[PDB]
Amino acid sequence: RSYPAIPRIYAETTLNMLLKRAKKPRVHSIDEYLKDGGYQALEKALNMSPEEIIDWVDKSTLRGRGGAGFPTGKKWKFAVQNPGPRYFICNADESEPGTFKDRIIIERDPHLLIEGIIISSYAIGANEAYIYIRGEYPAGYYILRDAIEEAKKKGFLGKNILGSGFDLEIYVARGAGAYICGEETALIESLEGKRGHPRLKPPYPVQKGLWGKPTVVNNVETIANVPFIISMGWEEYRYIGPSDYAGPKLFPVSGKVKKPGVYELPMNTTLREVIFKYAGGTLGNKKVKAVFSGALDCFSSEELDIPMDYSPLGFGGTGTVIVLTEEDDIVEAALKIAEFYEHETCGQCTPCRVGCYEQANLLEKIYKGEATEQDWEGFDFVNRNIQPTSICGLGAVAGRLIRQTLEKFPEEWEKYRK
């Protein structure tokens, strides 16, 4: 059938793994996927024990591509020490500013994700899996529903998959406008038919998740790695990039670059190489002022030689690279980040509820030159005090990027204070 219109995001790969098909901006259906040896990794996996698959994913060094970089095998190991039934959830809520890596897998190579979900579900003994896709990805939703029906038709889903005795159904749930529903516990609340309110952790989902049962939540990009780990073996997968942070990674690059789009690169690539070697440098060859790692971190032009890995001194996060050049106003940019957190706090925690609101409200007065001395001191205090009592990552980081701009661009902030 025909799907809703999708912008043709540029995609480029040095590894030809996650973007082998998804580098071409169109739906790749099951026949094209099968021609490339698709679903042969699933056949291999179903002839391995669940425990063996967990061991391979562990030894691969695969880390959570959702942005936190939690070791995937170790997450699965926590889940399977708890009695069943267990649930597998694919997180397709992708809503971080500048982050469009997951959608190109979903919309162009949905069978890569589906194969990954089936192998992961078998690995943790889940007979029910969910894809939670944000409401603003309607094309992704229809493409996944159609792809799941293709997989059923070819016997990759349903009861007794390929005589293995393993049963799996994959349900596709849609979001309805909330960034917070990507937080794994808020996602689970939404799947249960409720408001997306994060739960106090611990427990983690692997202990108590969907209907209080052991639940693994993994990001689209994380799951898309699983067929490669099985197909190549964990040893060969570890040859890709540095041996401590191995495998392909997708880098969504936007803002003031000549070639904005998604780059599949190894994680030993530097931020400078992403911008200048791959994304074609800056618009008008203007100097880089800052890189926003989505709404999480602000890196200065002095921090471009860092690796794009999950190391303490690495870029980390989603791999999201928003480039600002010498003429972009950092305070204007900080206001947009404040406006984002204002719009998305669920309001359960008092300092998050009031802090996200006041940070945006006061920074708007500062930007428009209407801020009193008390508004200035108020903004500083509020920015430092969103995190206290917070029960999820939103309250923990709502002031983080803005604080980094106050520390790294004091000259620009001072201009506004006058």
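If you superpose the two forms and keep the largest set of C-alpha atoms that fall within 1.5 Å, you have the rigid core. Numbers for residues come from their place in the sequence shown, where the first is 1.
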property: Larger mean CA deviation from the shown form in 7 other deposited structures of this protein [core fit; 239 to 247 vs 278 to 286]; result: 239 to 247
property: Between the two ranges 83 to 91 and 233 to 241, the one averaging a larger CA B factor in the entry; result: 233 to 241
property: Residue range whose averaged C-alpha B-factor is higher in the record, 302 to 310 or 93 to 101; result: 302 to 310
property: Maximum C-alpha temperature factor, selected from 164, 121, 218, 293; result: 164
property: From 152, 108, 249, 134, residue of greatest CA B-factor; result: 152
property: Third of the chain's Cα B-factor distribution that residue 363 belongs to, per the entry; result: middle
property: Lowest, middle or highest third - CA B-factor, residue 410; result: highest
property: Residue 353 CA temperature factor, ranked by third within the chain; result: lowest
property: Third assignment of residue 61 from its chain's C-alpha B-factors; result: middle
property: Chain-wide C-alpha B factor ranking for residue 24, given as lowest, middle or highest third; result: highest
